[PDB]
Every structure is written in C-alpha cells, then in structure tokens.
Amino acid sequence: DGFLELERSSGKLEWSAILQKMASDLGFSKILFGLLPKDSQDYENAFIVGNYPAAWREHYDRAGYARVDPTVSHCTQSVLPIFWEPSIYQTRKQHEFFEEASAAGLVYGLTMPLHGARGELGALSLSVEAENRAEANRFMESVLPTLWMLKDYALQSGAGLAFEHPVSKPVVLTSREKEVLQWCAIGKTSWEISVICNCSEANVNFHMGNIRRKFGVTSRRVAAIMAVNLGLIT
Amino acid sequence: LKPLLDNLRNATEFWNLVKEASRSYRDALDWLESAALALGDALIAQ
Amino acid sequence: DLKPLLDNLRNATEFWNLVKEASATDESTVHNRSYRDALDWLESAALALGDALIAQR
Ligand SMILES: CCCCCCCCCC(=O)CC(=O)N[C@H]1CCOC1=O
C-alpha cells in the first residue's frame, strides 16, 4: 500500500526523508518523529527527526519544552491522538509554549502517540497549513484513517533504525550535480531541467543516477529532500 | 558477498507492474537504475 | 544457469563510471550521445537480469 518504501531504507535520513515525503503527499507541511528507548523517559537525547524548523527544534530542547508540551505528556499515558486545540494548553507556560509554537508556524495539527512492541515510546506529530481551525479539522478528519495506519508503519520500521548508530560517510556533489538536483527538489521534471542548464535530458537523468547512489537511495524525490535537510542545496 | 538482486527483482516486479495494466514511470525506473548501479558497482570484487 | 548476465551489467556499470569521471572533469569533454548509451545499456542490462530471477520458482 505504498508504505513499504520505509522498511527498504538505507538508514536514518533516507527513512526520515521518505517519512516527510509521504507526510507531504497527504497534505501536511511539517512533521516530527520522536522515539525513545524502552524505559528511558528523559526526553532530551532522544531520536528526533522530521522537518520542523531548525530554529524551533533547537529552542524546544534548550527550553526543555518536553516537560510542558501537552502532546508528549499525553503520549506517556494514552495511545489515541491528541489534536492541537487551545483546550490542551491550560497552564501559564503552556500558553507561552503555544504562542511560541505558532510563531514557528505550528498552529494546527495533531500528535499520534507511539508505543513499540519492545517498549519504545515516541510521538508522530503532523502540522497542517490552513486559513482557520474549521478548515484544518475538516482536512484532518479527511485523512485520519490513513494517518492512523501511517503512525504504526512509521514506528515498526522506525524502531529498527532509530537506535542504530552506523555513521554514514559524508556526501559531496559536483558543481553541476547540486544545481540539477536543486531544480529537481522544487518539482521540476527532468525534461524541464534539460532546457534550463542547456544540456540533454539524458544528461540530467545520468546525473541524478549518480546523485541517488551518492546518497544510497532509490528515488530522486527522496534524495532531493535529504539535500535540503543537510543544507547542501538551497 | 551479498545478494542484491532483491532490489532489482523488486524494482523490476514494479517496473513490470507500472505498465502491467497497459504516472509513476520515472519513479519505477529510478529505482531500477540505482538498484542496478548498486549491484553493478559491487560486482567489481577483487 | 545464467552467470554471464551479470558482467553484462557490470560492464554497463563500468561504462557508466567512465562517462561519470569523464563528465566530472567537464561535460564539454564527453559526446552528449554517450549519456543516453550509458542509460539504455544499464536499463536493458538490468531488465534482462531481473527477469531471470522472477522466473526462479
Ligand atoms: C513521547 C516522547 C518522544 C520524545 C520526546 C521529544 C520529542 C519531541 C517532542 C515534540 O516535539 C512534541 C510536539 O510535537 N510538539 C508540537 C506540538 C504543538 O506544538 C509543538 O511544538
């Protein structure tokens, strides 16, 4: 059912890139996948990837927002989703937490608690961009069953690659590889690439074949995500 | 000394399904291309 | 049975890497029609091999 793409993963950030891919194909812009070992409950030094704005992620950890965030509190005692309605922010700090989360563009969304077969505990949060809460919830109920299946697939394949530490060698791209991939990332079709760089269509298909193997992946959309994730393009 | 036809077969199994019922053309081809470059590169052993 | 269908793909890959570092220098240098050749060879070399294992049981 298309979810199989995750358990064929080279490692942590091909997997993290496929997760963002499916989450974007559903209609969510920003997502986060957190996971912890079986009975570790210190939310610092956890396995956390996704595409939350890096400024917000670094601030979330330095402020210890894990012990005030109403979503992760919920994941420790329930296995059902929690929606980011204003009702979940009750305390003085939760309001301050909420207003800062919206500044990072995380106004609407939901969090799916994760509980692995071996004791893992984590969260899978997805944020949606809408004009109002009513329009956001009509869409979130539109995709909830698909989303419900996704969180259990992301945790099975995620639990196997999360706590592995195989240091992946660095990846450097040529002068032309980065530019041809830069256009692929913003959805340019391969023929459209040929006419911008004044090369042949096979010239870019050839290049991307080198780009996909330099990252160890099997799809160019996934490789384009890992490039912006590592800051190598754009 | 590892089996890497897994990918190729799975990339082909798709590559023959992508047009089984005669959209995802390049995706199925992109899988094949580097699933073949992967084994192809490793097939220079010693 | 067929163990020569792999060095077909291996030479398709060695051709690929030769065009690769010949193109890594500057694309000026390489005949634009060898790009397509590296691609269709790799496709036909790997289509002929994957379709050897799918018949296996
Ligand atoms: C269940 C433990 C998982 C590991 C704990 C740290 C993971 C990161 C916590 C997190 O980001 C929760 C979250 O998604 N907060 C969103 C929700 C509302 O605004 C946010 O910043």
# chains A, B, ... in the order shown; residues from 1 in each chain; ligands from 1

call {"tool": "closest_atom_pairs", "arguments": {"of": "stretch 150-200 of chain A", "to": "stretch 10-33 of chain B", "cutoff": "12 Å", "atoms": "only C-alpha atoms", "output": "Markdown table"}}
result
| residue | atom | partner | partner_atom | distance |
| --- | --- | --- | --- | --- |
| A:189 | CA | B:26 | CA | 9.9 |
| A:190 | CA | B:26 | CA | 9.4 |
| A:191 | CA | B:26 | CA | 11.7 |

call {"tool": "write_last_selection", "arguments": {"atoms": "N, CA, C and O atoms", "output": "PDB file, in the first residue's frame"}}
result
ATOM      1  N   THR A 189      10.392  18.695 -13.690  1.00  0.00           N
ATOM      2  CA  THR A 189      10.532  17.427 -14.389  1.00  0.00           C
ATOM      3  C   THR A 189      11.863  17.390 -15.138  1.00  0.00           C
ATOM      4  O   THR A 189      12.434  18.426 -15.490  1.00  0.00           O
ATOM      5  N   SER A 190      12.356  16.170 -15.382  1.00  0.00           N
ATOM      6  CA  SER A 190      13.720  16.005 -15.884  1.00  0.00           C
ATOM      7  C   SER A 190      13.913  16.691 -17.232  1.00  0.00           C
ATOM      8  O   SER A 190      14.989  17.235 -17.507  1.00  0.00           O
ATOM      9  N   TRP A 191      12.890  16.672 -18.091  1.00  0.00           N
ATOM     10  CA  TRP A 191      12.990  17.412 -19.345  1.00  0.00           C
ATOM     11  C   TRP A 191      13.058  18.912 -19.094  1.00  0.00           C
ATOM     12  O   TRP A 191      13.852  19.617 -19.725  1.00  0.00           O
TER      13      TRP A 191
END

call {"tool": "residues_near_ligand", "arguments": {"ligand": "ligand 1", "cutoff": "8 Å", "atoms": "only C-alpha atoms and all ligand atoms", "output": "PyMOL selection string"}}
result
chain A and resi 31-36+41-44+46-48+56-57+60+65-66+69-73+75-76+84+97-98+101-102+106-111+113-114+121-126

call {"tool": "residues_around", "arguments": {"residues": "residue B:5", "least_positions_apart": "4", "cutoff": "9 Å", "atoms": "only C-alpha atoms", "output": "JSON list (two decimals) with C-alpha atoms, in the first residue's frame"}}
result
[["chain", "number", "residue", "atom", "x", "y", "z"],
["B", 9, "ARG", "CA", 13.71, -8.05, -8.72],
["B", 10, "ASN", "CA", 11.60, -5.75, -6.54],
["B", 35, "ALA", "CA", 19.35, -0.72, -7.71],
["B", 36, "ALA", "CA", 21.40, -1.85, -10.72],
["B", 39, "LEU", "CA", 24.97, -4.28, -7.52],
["C", 49, "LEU", "CA", 18.80, -9.87, -15.36],
["C", 50, "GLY", "CA", 15.87, -9.11, -13.04],
["C", 53, "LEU", "CA", 15.20, -14.33, -11.16]]

call {"tool": "residues_around", "arguments": {"residues": "stretch 142-153 of chain A", "least_positions_apart": "3", "cutoff": "7 Å", "atoms": "only C-alpha atoms", "output": "list in words"}}
result
residues 112, 124, 138, 139, 156 and 157 of chain A

call {"tool": "write_last_selection", "arguments": {"atoms": "N, CA, C and O atoms", "output": "PDB file, in the first residue's frame"}}
result
ATOM      1  N   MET A 112       0.265  11.748  17.216  1.00  0.00           N
ATOM      2  CA  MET A 112      -0.111  10.354  17.389  1.00  0.00           C
ATOM      3  C   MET A 112       0.885   9.673  18.315  1.00  0.00           C
ATOM      4  O   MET A 112       2.065   9.553  17.962  1.00  0.00           O
ATOM      5  N   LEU A 124       4.474  10.978  16.902  1.00  0.00           N
ATOM      6  CA  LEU A 124       4.482  11.341  15.485  1.00  0.00           C
ATOM      7  C   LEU A 124       3.496  12.490  15.295  1.00  0.00           C
ATOM      8  O   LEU A 124       2.281  12.278  15.290  1.00  0.00           O
ATOM      9  N   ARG A 138     -11.610  19.784   9.161  1.00  0.00           N
ATOM     10  CA  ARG A 138     -12.249  19.074   8.057  1.00  0.00           C
ATOM     11  C   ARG A 138     -11.218  18.280   7.265  1.00  0.00           C
ATOM     12  O   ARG A 138     -11.506  17.174   6.793  1.00  0.00           O
ATOM     13  N   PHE A 139     -10.004  18.817   7.126  1.00  0.00           N
ATOM     14  CA  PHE A 139      -8.975  18.100   6.379  1.00  0.00           C
ATOM     15  C   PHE A 139      -8.331  17.014   7.227  1.00  0.00           C
ATOM     16  O   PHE A 139      -7.957  15.954   6.711  1.00  0.00           O
ATOM     17  N   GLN A 156       7.077   0.768  13.362  1.00  0.00           N
ATOM     18  CA  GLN A 156       7.694  -0.538  13.144  1.00  0.00           C
ATOM     19  C   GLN A 156       9.032  -0.395  12.430  1.00  0.00           C
ATOM     20  O   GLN A 156      10.065  -0.875  12.911  1.00  0.00           O
ATOM     21  N   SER A 157       9.030   0.264  11.269  1.00  0.00           N
ATOM     22  CA  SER A 157      10.275   0.473  10.540  1.00  0.00           C
ATOM     23  C   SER A 157      11.183   1.467  11.253  1.00  0.00           C
ATOM     24  O   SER A 157      12.410   1.391  11.118  1.00  0.00           O
TER      25      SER A 157
END

call {"tool": "interface_residues", "arguments": {"of": "chain A", "to": "chain B", "cutoff": "9 Å", "atoms": "only C-alpha atoms", "output": "JSON, numbers by chain"}}
result
{"A": [205, 208, 209, 210, 212, 213, 216, 217, 218, 219, 220, 221]}

call {"tool": "write_last_selection", "arguments": {"atoms": "C-alpha atoms", "output": "PDB file, in the first residue's frame"}}
result
ATOM      1  CA  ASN A 205      18.900  11.534 -15.908  1.00  0.00           C
ATOM      2  CA  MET A 208      20.518  12.086 -10.907  1.00  0.00           C
ATOM      3  CA  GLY A 209      21.565   8.445 -11.189  1.00  0.00           C
ATOM      4  CA  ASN A 210      24.870   9.486  -9.642  1.00  0.00           C
ATOM      5  CA  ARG A 212      20.789   8.812  -5.955  1.00  0.00           C
ATOM      6  CA  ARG A 213      23.715   6.436  -5.448  1.00  0.00           C
ATOM      7  CA  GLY A 216      22.304   5.481  -1.169  1.00  0.00           C
ATOM      8  CA  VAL A 217      18.631   5.866  -2.139  1.00  0.00           C
ATOM      9  CA  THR A 218      16.343   4.552  -4.900  1.00  0.00           C
ATOM     10  CA  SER A 219      14.178   7.607  -5.674  1.00  0.00           C
ATOM     11  CA  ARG A 220      15.165  11.119  -6.705  1.00  0.00           C
ATOM     12  CA  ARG A 221      12.408  12.837  -4.734  1.00  0.00           C
TER      13      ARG A 221
END

call {"tool": "interface_residues", "arguments": {"of": "chain C", "to": "chain A", "cutoff": "8 Å", "atoms": "only C-alpha atoms", "output": "list in words"}}
result
residues 24, 32, 35, 36, 38 and 39 of chain C

call {"tool": "select_by_dssp", "arguments": {"residues": "stretch 71-155 of chain A", "states": "strand (DSSP E or B)", "output": "ChimeraX atom specification"}}
result
/A:82-83,108-115,121-128

call {"tool": "write_last_selection", "arguments": {"atoms": "C-alpha atoms", "output": "tab-separated table (two decimals), in the first residue's frame"}}
result
chain	number	residue	atom	x	y	z
A	82	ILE	CA	-4.39	14.48	20.61
A	83	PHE	CA	-5.32	17.48	18.48
A	108	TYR	CA	-2.78	23.48	13.61
A	109	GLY	CA	-2.00	19.79	13.73
A	110	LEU	CA	-2.16	16.60	15.76
A	111	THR	CA	0.10	14.14	17.57
A	112	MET	CA	-0.11	10.35	17.39
A	113	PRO	CA	1.40	8.54	20.39
A	114	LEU	CA	3.74	5.67	19.54
A	115	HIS	CA	4.30	2.54	21.64
A	121	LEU	CA	7.84	5.39	23.42
A	122	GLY	CA	7.62	8.28	20.99
A	123	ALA	CA	5.38	10.69	19.13
A	124	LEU	CA	4.48	11.34	15.48
A	125	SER	CA	3.25	14.92	15.03
A	126	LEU	CA	1.98	16.46	11.78
A	127	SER	CA	1.14	20.13	11.26
A	128	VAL	CA	-1.23	21.42	8.57

call {"tool": "select_by_dssp", "arguments": {"residues": "chain B", "states": "alpha helix (DSSP H)", "output": "list in words"}}
result
residues 5, 6, 7, 8, 9, 10, 11, 12, 13, 14, 15, 25, 26, 27, 28, 29, 30, 31, 32, 33, 34, 35, 36, 37, 38, 39, 40, 41 and 42 of chain B

call {"tool": "write_last_selection", "arguments": {"atoms": "N, CA, C and O atoms", "output": "compact mmCIF listing (two decimals), in the first residue's frame"}}
result
# COMPACT_ATOMS: atom_id res chain seq x y z
N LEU B 5 20.05 -8.79 -5.80
CA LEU B 5 19.02 -8.92 -6.82
C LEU B 5 17.63 -8.70 -6.24
O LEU B 5 16.68 -8.43 -6.98
N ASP B 6 17.50 -8.84 -4.92
CA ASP B 6 16.33 -8.41 -4.16
C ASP B 6 15.78 -7.09 -4.68
O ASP B 6 14.63 -7.03 -5.13
N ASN B 7 16.60 -6.04 -4.63
CA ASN B 7 16.19 -4.74 -5.15
C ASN B 7 15.82 -4.83 -6.62
O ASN B 7 14.72 -4.42 -7.02
N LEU B 8 16.72 -5.37 -7.44
CA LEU B 8 16.47 -5.44 -8.87
C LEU B 8 15.17 -6.17 -9.16
O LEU B 8 14.31 -5.67 -9.89
N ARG B 9 14.98 -7.36 -8.57
CA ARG B 9 13.71 -8.05 -8.72
C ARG B 9 12.55 -7.18 -8.24
O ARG B 9 11.56 -7.01 -8.96
N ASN B 10 12.67 -6.60 -7.05
CA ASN B 10 11.60 -5.75 -6.54
C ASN B 10 11.46 -4.48 -7.37
O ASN B 10 10.35 -3.98 -7.55
N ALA B 11 12.57 -3.96 -7.90
CA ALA B 11 12.47 -2.83 -8.81
C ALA B 11 11.90 -3.25 -10.16
O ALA B 11 11.22 -2.45 -10.82
N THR B 12 12.16 -4.49 -10.58
CA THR B 12 11.57 -4.97 -11.82
C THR B 12 10.12 -5.38 -11.62
O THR B 12 9.26 -5.00 -12.43
N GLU B 13 9.83 -6.14 -10.56
CA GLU B 13 8.46 -6.51 -10.24
C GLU B 13 7.53 -5.30 -10.33
O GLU B 13 6.44 -5.37 -10.91
N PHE B 14 7.98 -4.17 -9.78
CA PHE B 14 7.29 -2.90 -10.00
C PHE B 14 7.40 -2.47 -11.46
O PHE B 14 6.39 -2.12 -12.09
N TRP B 15 8.61 -2.50 -12.03
CA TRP B 15 8.81 -1.99 -13.39
C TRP B 15 7.94 -2.72 -14.41
O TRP B 15 7.61 -2.17 -15.46
N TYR B 25 6.13 6.50 -13.93
CA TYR B 25 7.10 5.90 -14.85
C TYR B 25 8.52 6.05 -14.32
O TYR B 25 9.21 5.05 -14.08
N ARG B 26 8.97 7.29 -14.14
CA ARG B 26 10.37 7.52 -13.78
C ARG B 26 10.68 6.96 -12.39
O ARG B 26 11.75 6.39 -12.18
N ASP B 27 9.75 7.11 -11.44
CA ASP B 27 9.95 6.52 -10.12
C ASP B 27 10.33 5.05 -10.21
O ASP B 27 11.34 4.63 -9.64
N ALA B 28 9.56 4.26 -10.97
CA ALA B 28 9.89 2.84 -11.08
C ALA B 28 11.20 2.63 -11.83
O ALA B 28 11.93 1.67 -11.57
N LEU B 29 11.52 3.53 -12.76
CA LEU B 29 12.78 3.45 -13.49
C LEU B 29 13.95 3.93 -12.63
O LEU B 29 15.05 3.36 -12.71
N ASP B 30 13.73 4.96 -11.82
CA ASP B 30 14.77 5.45 -10.92
C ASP B 30 15.19 4.37 -9.93
O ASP B 30 16.38 4.22 -9.63
N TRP B 31 14.22 3.62 -9.39
CA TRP B 31 14.55 2.50 -8.52
C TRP B 31 15.46 1.52 -9.23
O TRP B 31 16.53 1.16 -8.73
N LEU B 32 15.05 1.09 -10.43
CA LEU B 32 15.84 0.14 -11.20
C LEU B 32 17.25 0.65 -11.45
O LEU B 32 18.23 -0.10 -11.33
N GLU B 33 17.39 1.93 -11.80
CA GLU B 33 18.67 2.43 -12.28
C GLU B 33 19.76 2.31 -11.22
O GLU B 33 20.84 1.77 -11.49
N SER B 34 19.49 2.77 -10.00
CA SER B 34 20.47 2.71 -8.92
C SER B 34 20.43 1.40 -8.14
O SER B 34 21.41 1.07 -7.47
N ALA B 35 19.31 0.66 -8.19
CA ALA B 35 19.35 -0.72 -7.71
C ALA B 35 20.26 -1.57 -8.57
O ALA B 35 20.79 -2.58 -8.08
N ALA B 36 20.46 -1.19 -9.83
CA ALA B 36 21.40 -1.85 -10.72
C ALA B 36 22.81 -1.29 -10.59
O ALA B 36 23.78 -2.04 -10.63
N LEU B 37 22.93 0.03 -10.42
CA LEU B 37 24.25 0.61 -10.15
C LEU B 37 24.80 0.13 -8.83
O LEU B 37 26.02 -0.01 -8.68
N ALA B 38 23.93 -0.13 -7.84
CA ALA B 38 24.39 -0.65 -6.56
C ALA B 38 25.08 -2.00 -6.72
O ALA B 38 26.25 -2.16 -6.37
N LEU B 39 24.36 -2.98 -7.28
CA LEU B 39 24.97 -4.28 -7.52
C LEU B 39 26.08 -4.18 -8.56
O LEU B 39 27.17 -4.73 -8.35
N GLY B 40 25.84 -3.45 -9.64
CA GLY B 40 26.88 -3.26 -10.65
C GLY B 40 28.20 -2.78 -10.08
O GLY B 40 29.26 -3.28 -10.44
N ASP B 41 28.15 -1.80 -9.17
CA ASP B 41 29.37 -1.30 -8.56
C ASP B 41 30.02 -2.38 -7.70
O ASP B 41 31.24 -2.57 -7.74
N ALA B 42 29.21 -3.09 -6.91
CA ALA B 42 29.75 -4.12 -6.02
C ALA B 42 30.21 -5.36 -6.78
O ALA B 42 30.97 -6.17 -6.22

call {"tool": "closest_residue", "arguments": {"among": "C:2, C:30, C:18, C:12", "to": "residue C:44", "atoms": "only C-alpha atoms"}}
result
C:12

call {"tool": "atom_distance", "arguments": {"atom1": "atom CA of residue A:68", "atom2": "atom CA of residue A:129"}}
result
23.7 Å

call {"tool": "residues_around", "arguments": {"residues": "residue A:229", "least_positions_apart": "2", "cutoff": "12 Å", "atoms": "only C-alpha atoms", "output": "compact mmCIF listing (two decimals) with C-alpha atoms, in the first residue's frame"}}
result
# COMPACT_ATOMS: atom_id res chain seq x y z
CA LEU A 13 17.77 10.04 6.99
CA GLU A 14 16.60 8.21 3.89
CA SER A 16 13.44 10.45 7.67
CA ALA A 17 13.17 11.75 4.10
CA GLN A 20 8.49 13.65 5.19
CA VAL A 49 13.94 13.80 13.05
CA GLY A 50 11.49 15.36 10.62
CA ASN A 51 11.26 18.84 9.11
CA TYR A 52 10.29 21.07 11.99
CA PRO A 53 12.01 24.47 11.58
CA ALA A 54 15.53 24.06 12.95
CA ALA A 185 13.78 19.39 -5.42
CA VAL A 222 13.84 11.28 -1.56
CA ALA A 223 17.39 12.34 -2.45
CA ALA A 224 16.24 15.91 -3.09
CA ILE A 225 14.77 16.04 0.42
CA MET A 226 17.97 14.83 2.08
CA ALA A 227 19.92 17.52 0.23
CA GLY A 231 21.80 22.08 3.82
CA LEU A 232 23.78 21.05 0.73
CA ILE A 233 21.28 22.80 -1.59
CA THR A 234 19.09 25.89 -1.15

call {"tool": "closest_residue", "arguments": {"among": "C:46, C:19, C:55, C:5", "to": "chain B", "atoms": "only C-alpha atoms"}}
result
C:46

call {"tool": "interface_residues", "arguments": {"of": "chain C", "to": "chain B", "cutoff": "9 Å", "atoms": "only C-alpha atoms", "output": "number ranges by chain"}}
result
C: 6-7, 9-14, 16-17, 39, 42-43, 45-47, 49-54

call {"tool": "write_last_selection", "arguments": {"atoms": "N, CA and C atoms", "output": "PDB file, in the first residue's frame"}}
result
ATOM      1  N   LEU C   6      25.459 -11.004 -15.509  1.00  0.00           N
ATOM      2  CA  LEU C   6      25.880 -10.035 -14.505  1.00  0.00           C
ATOM      3  C   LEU C   6      27.062  -9.187 -14.968  1.00  0.00           C
ATOM      4  N   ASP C   7      28.061  -9.782 -15.623  1.00  0.00           N
ATOM      5  CA  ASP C   7      29.159  -8.979 -16.151  1.00  0.00           C
ATOM      6  C   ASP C   7      28.723  -8.146 -17.345  1.00  0.00           C
ATOM      7  N   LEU C   9      25.894  -6.438 -17.004  1.00  0.00           N
ATOM      8  CA  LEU C   9      25.542  -5.265 -16.213  1.00  0.00           C
ATOM      9  C   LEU C   9      26.770  -4.617 -15.590  1.00  0.00           C
ATOM     10  N   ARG C  10      27.776  -5.414 -15.226  1.00  0.00           N
ATOM     11  CA  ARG C  10      28.979  -4.844 -14.631  1.00  0.00           C
ATOM     12  C   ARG C  10      29.709  -3.964 -15.637  1.00  0.00           C
ATOM     13  N   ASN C  11      29.861  -4.447 -16.869  1.00  0.00           N
ATOM     14  CA  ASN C  11      30.449  -3.603 -17.900  1.00  0.00           C
ATOM     15  C   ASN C  11      29.538  -2.431 -18.246  1.00  0.00           C
ATOM     16  N   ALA C  12      28.223  -2.593 -18.081  1.00  0.00           N
ATOM     17  CA  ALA C  12      27.325  -1.450 -18.217  1.00  0.00           C
ATOM     18  C   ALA C  12      27.581  -0.429 -17.115  1.00  0.00           C
ATOM     19  N   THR C  13      27.982  -0.901 -15.932  1.00  0.00           N
ATOM     20  CA  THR C  13      28.305  -0.003 -14.828  1.00  0.00           C
ATOM     21  C   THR C  13      29.695   0.603 -14.991  1.00  0.00           C
ATOM     22  N   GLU C  14      30.659  -0.181 -15.484  1.00  0.00           N
ATOM     23  CA  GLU C  14      31.995   0.357 -15.732  1.00  0.00           C
ATOM     24  C   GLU C  14      31.967   1.416 -16.827  1.00  0.00           C
ATOM     25  N   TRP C  16      29.337   3.245 -17.261  1.00  0.00           N
ATOM     26  CA  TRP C  16      28.685   4.338 -16.545  1.00  0.00           C
ATOM     27  C   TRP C  16      29.700   5.177 -15.779  1.00  0.00           C
ATOM     28  N   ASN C  17      30.598   4.520 -15.042  1.00  0.00           N
ATOM     29  CA  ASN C  17      31.576   5.252 -14.244  1.00  0.00           C
ATOM     30  C   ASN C  17      32.621   5.940 -15.113  1.00  0.00           C
ATOM     31  N   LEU C  39      22.673   5.040 -20.212  1.00  0.00           N
ATOM     32  CA  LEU C  39      21.362   4.856 -19.602  1.00  0.00           C
ATOM     33  C   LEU C  39      20.629   3.652 -20.185  1.00  0.00           C
ATOM     34  N   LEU C  42      22.316   0.339 -19.247  1.00  0.00           N
ATOM     35  CA  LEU C  42      22.010  -0.046 -17.874  1.00  0.00           C
ATOM     36  C   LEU C  42      20.576  -0.549 -17.744  1.00  0.00           C
ATOM     37  N   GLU C  43      19.638   0.070 -18.466  1.00  0.00           N
ATOM     38  CA  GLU C  43      18.248  -0.373 -18.392  1.00  0.00           C
ATOM     39  C   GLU C  43      18.075  -1.746 -19.029  1.00  0.00           C
ATOM     40  N   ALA C  45      20.458  -3.942 -19.651  1.00  0.00           N
ATOM     41  CA  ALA C  45      21.276  -4.946 -18.977  1.00  0.00           C
ATOM     42  C   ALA C  45      20.612  -5.421 -17.693  1.00  0.00           C
ATOM     43  N   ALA C  46      19.927  -4.522 -16.991  1.00  0.00           N
ATOM     44  CA  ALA C  46      19.282  -4.874 -15.733  1.00  0.00           C
ATOM     45  C   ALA C  46      17.878  -5.428 -15.922  1.00  0.00           C
ATOM     46  N   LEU C  47      17.191  -5.042 -16.999  1.00  0.00           N
ATOM     47  CA  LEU C  47      15.911  -5.669 -17.311  1.00  0.00           C
ATOM     48  C   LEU C  47      16.101  -7.133 -17.687  1.00  0.00           C
ATOM     49  N   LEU C  49      18.354  -9.092 -16.517  1.00  0.00           N
ATOM     50  CA  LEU C  49      18.795  -9.865 -15.360  1.00  0.00           C
ATOM     51  C   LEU C  49      17.694 -10.046 -14.323  1.00  0.00           C
ATOM     52  N   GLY C  50      16.984  -8.973 -13.970  1.00  0.00           N
ATOM     53  CA  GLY C  50      15.873  -9.114 -13.043  1.00  0.00           C
ATOM     54  C   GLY C  50      14.828 -10.088 -13.546  1.00  0.00           C
ATOM     55  N   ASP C  51      14.580 -10.082 -14.856  1.00  0.00           N
ATOM     56  CA  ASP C  51      13.678 -11.029 -15.493  1.00  0.00           C
ATOM     57  C   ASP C  51      14.295 -12.415 -15.653  1.00  0.00           C
ATOM     58  N   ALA C  52      15.453 -12.662 -15.041  1.00  0.00           N
ATOM     59  CA  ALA C  52      15.970 -14.016 -14.897  1.00  0.00           C
ATOM     60  C   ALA C  52      15.655 -14.631 -13.539  1.00  0.00           C
ATOM     61  N   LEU C  53      15.504 -13.815 -12.489  1.00  0.00           N
ATOM     62  CA  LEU C  53      15.202 -14.329 -11.156  1.00  0.00           C
ATOM     63  C   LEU C  53      13.704 -14.445 -10.890  1.00  0.00           C
ATOM     64  N   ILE C  54      12.877 -13.610 -11.532  1.00  0.00           N
ATOM     65  CA  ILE C  54      11.433 -13.675 -11.311  1.00  0.00           C
ATOM     66  C   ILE C  54      10.876 -15.018 -11.766  1.00  0.00           C
TER      67      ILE C  54
END

call {"tool": "residues_around", "arguments": {"residues": "residue A:7", "least_positions_apart": "2", "cutoff": "12 Å", "atoms": "only C-alpha atoms", "output": "list in words"}}
result
residues 2, 3, 4, 5, 9, 10, 11, 12, 14, 15, 16, 18, 19, 153, 154, 155, 156, 157, 158, 159, 160 and 161 of chain A

call {"tool": "write_last_selection", "arguments": {"atoms": "N, CA, C and O atoms", "output": "tab-separated table (two decimals), in the first residue's frame"}}
result
chain	number	residue	atom	x	y	z
A	2	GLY	N	2.04	1.19	-0.62
A	2	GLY	CA	2.94	2.32	-0.72
A	2	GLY	C	3.74	2.61	0.52
A	2	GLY	O	4.80	3.26	0.43
A	3	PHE	N	3.28	2.16	1.70
A	3	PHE	CA	4.05	2.33	2.93
A	3	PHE	C	5.34	1.51	2.92
A	3	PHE	O	6.24	1.80	3.72
A	4	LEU	N	5.44	0.51	2.04
A	4	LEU	CA	6.60	-0.38	2.02
A	4	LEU	C	7.90	0.37	1.78
A	4	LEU	O	8.98	-0.16	2.10
A	5	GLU	N	7.83	1.58	1.22
A	5	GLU	CA	9.04	2.34	0.89
A	5	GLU	C	9.92	2.59	2.12
A	5	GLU	O	11.13	2.77	1.98
A	9	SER	N	14.85	1.03	3.79
A	9	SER	CA	15.61	2.26	3.92
A	9	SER	C	17.09	1.99	4.13
A	9	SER	O	17.48	1.05	4.82
A	10	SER	N	17.92	2.84	3.53
A	10	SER	CA	19.36	2.77	3.76
A	10	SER	C	19.71	3.02	5.22
A	10	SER	O	20.55	2.32	5.79
A	11	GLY	N	19.01	3.95	5.86
A	11	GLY	CA	19.32	4.31	7.23
A	11	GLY	C	18.41	5.39	7.77
A	11	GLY	O	17.24	5.48	7.41
A	12	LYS	N	18.96	6.25	8.63
A	12	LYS	CA	18.12	7.14	9.42
A	12	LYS	C	17.48	8.23	8.57
A	12	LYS	O	16.30	8.55	8.76
A	14	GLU	N	17.49	8.66	4.96
A	14	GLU	CA	16.60	8.21	3.89
A	14	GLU	C	15.22	7.91	4.46
A	14	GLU	O	14.20	8.31	3.89
A	15	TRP	N	15.18	7.22	5.60
A	15	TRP	CA	13.92	6.94	6.28
A	15	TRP	C	13.25	8.24	6.71
A	15	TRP	O	12.04	8.42	6.50
A	16	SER	N	14.01	9.16	7.30
A	16	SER	CA	13.44	10.45	7.67
A	16	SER	C	12.94	11.21	6.46
A	16	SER	O	11.96	11.96	6.56
A	18	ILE	N	11.83	9.80	3.49
A	18	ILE	CA	10.63	9.15	2.99
A	18	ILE	C	9.43	9.52	3.86
A	18	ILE	O	8.33	9.78	3.35
A	19	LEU	N	9.63	9.57	5.18
A	19	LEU	CA	8.56	9.95	6.09
A	19	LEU	C	8.03	11.34	5.77
A	19	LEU	O	6.81	11.55	5.68
A	153	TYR	N	2.99	2.17	10.90
A	153	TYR	CA	4.03	1.76	9.96
A	153	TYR	C	5.34	2.48	10.26
A	153	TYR	O	6.42	1.87	10.24
A	154	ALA	N	5.27	3.79	10.53
A	154	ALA	CA	6.47	4.56	10.84
A	154	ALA	C	7.14	4.11	12.13
A	154	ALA	O	8.34	4.33	12.30
A	155	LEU	N	6.40	3.48	13.04
A	155	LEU	CA	7.01	3.04	14.29
A	155	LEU	C	7.66	1.67	14.16
A	155	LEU	O	8.71	1.43	14.77
A	156	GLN	N	7.08	0.77	13.36
A	156	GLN	CA	7.69	-0.54	13.14
A	156	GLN	C	9.03	-0.40	12.43
A	156	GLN	O	10.06	-0.88	12.91
A	157	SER	N	9.03	0.26	11.27
A	157	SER	CA	10.28	0.47	10.54
A	157	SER	C	11.18	1.47	11.25
A	157	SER	O	12.41	1.39	11.12
A	158	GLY	N	10.60	2.40	12.01
A	158	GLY	CA	11.42	3.37	12.71
A	158	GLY	C	12.17	2.77	13.89
A	158	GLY	O	13.34	3.09	14.11
A	159	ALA	N	11.52	1.89	14.64
A	159	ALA	CA	12.14	1.30	15.82
A	159	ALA	C	13.38	0.49	15.48
A	159	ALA	O	14.26	0.33	16.34
A	160	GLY	N	13.48	-0.03	14.26
A	160	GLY	CA	14.65	-0.80	13.88
A	160	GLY	C	15.84	0.03	13.48
A	160	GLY	O	16.99	-0.40	13.64
A	161	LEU	N	15.61	1.24	12.97
A	161	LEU	CA	16.68	2.11	12.51
A	161	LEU	C	16.96	3.28	13.45
A	161	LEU	O	17.95	3.99	13.24

call {"tool": "atom_distance", "arguments": {"atom1": "atom CA of residue B:46", "atom2": "atom CA of residue B:2"}}
result
14.6 Å

call {"tool": "residues_around", "arguments": {"residues": "residue A:38", "least_positions_apart": "4", "cutoff": "7 Å", "atoms": "only C-alpha atoms", "output": "PyMOL selection string"}}
result
chain A and resi 118-121

call {"tool": "atom_distance", "arguments": {"atom1": "atom CA of residue A:183", "atom2": "atom CA of residue A:103"}}
result
29.0 Å
